[PDB]
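Before any questions on binding or motion, here is one chain by itself as structure tokens, the form deposited without this ligand.
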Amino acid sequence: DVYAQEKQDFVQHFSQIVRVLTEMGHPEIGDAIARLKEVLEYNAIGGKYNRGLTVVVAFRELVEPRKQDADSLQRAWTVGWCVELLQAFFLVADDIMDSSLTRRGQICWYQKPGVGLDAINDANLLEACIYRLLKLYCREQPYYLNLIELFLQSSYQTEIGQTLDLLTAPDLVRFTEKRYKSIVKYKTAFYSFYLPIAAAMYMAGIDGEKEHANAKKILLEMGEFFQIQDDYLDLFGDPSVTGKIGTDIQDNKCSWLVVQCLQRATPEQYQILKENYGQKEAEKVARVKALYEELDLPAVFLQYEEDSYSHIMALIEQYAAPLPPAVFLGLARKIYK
């Protein structure tokens, strides 16, 4: 596995990431820097690192091996960790706003004794660390500004996505397909799928607008597919297999499932849905599920997967050049659950 190959080195680099972000020529910010260390250690560690690793895998596939000096790699690892820091920023903040209890098999940072709403500042520090790292490791590089702009834009797009999600889910009237597709695109797909390849692209000197537009077209369609899958597996997944015990229905999400359900429902079924969506009790969660089954949404999903395979293989056929197909295909394999 091309990701398993890169992994150990990527994770070991985290140690260096931290050292450099904390190491006291100015003594009396010491205490704040110590808090910064704790924030990084708790929140940047424990994921699958798919997004950060994608930077490293893509880098290796896109830069001729004659230009993979010890130093270029340090940079690749660093930029990968920059993506992981972006993720951490979003998730610390998202947990506060959703009033979540747990994340990545542990108490959400803001819920830890004596953190609370101070986590808002902590989240912002994580974001800040992106640009500090980019400066320290890539200031002299020709792609420096490209990377700054890409990260800032990725942040902007994600935040806009979050705004749309927040407005959409404060009433099922609002849960349309055009709306669902739009949330997924801004809120997850840009920073999860486009950003990591795009970074690698810029680090490899592939900076053209067309090349970027082409990679983007593939990657946003991949990101939509993987989010829709995520929505399906939330309910009909086997949690021992996926790792997620679904709570989308209780949590009242604009999920792909509900959108499809809404499109198909008779007026009376709308009512059963209006009646049971977003409740604690299993009794009710089971009536929503049983409705999705009644409307045969798994078959609808299966069909969506089949269609979606053809479309995405075709997209890569057409739009991958002059990147290696394996960049796209390697990422698909890694994310698919």
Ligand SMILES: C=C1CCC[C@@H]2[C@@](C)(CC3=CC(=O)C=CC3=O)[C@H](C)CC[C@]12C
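C-alpha atoms forming the largest set that superposes within 1.5 Å between two forms make up the rigid core. Residue indices: 1-based, along the sequence shown.
The discussion below concerns the form deposited with this ligand bound, not included here.
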query	finding
Contacting member of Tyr137, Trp109, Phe226, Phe175, with respect to this ligand in the bound PDB entry [4.5 Å, heavy atom]	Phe226
The unique member of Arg132, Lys216, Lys181, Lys244 whose heavy atoms fall within 4.5 Å of this ligand in the bound PDB entry	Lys244
Touches this ligand in the bound PDB entry: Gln260 (any heavy atom, 4.5 Å)	no
Exercise: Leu91 in contact with this ligand in the bound PDB entry, heavy atom 4.5 Å	yes
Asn146 within 4.5 Å of this ligand in the bound PDB entry, heavy atoms	no
This ligand contact in the bound PDB entry: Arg264, any heavy atom under 4.5 Å	no
Partner-facing stretch of 287-295, 267-275, 29-37, 50-58, counted where any non-hydrogen atom is within 4.5 angstroms of this ligand in the bound PDB entry	50-58
Residues of stretch 86-108 in contact with this ligand in the bound PDB entry (4.5 Å, non-hydrogen atom)	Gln87, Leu91, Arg103, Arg104
Comparing forms between the shown form and the other one after core superposition, the one residue of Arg104, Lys112, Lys244, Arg132 displaced by 2 Å or more at CA	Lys244
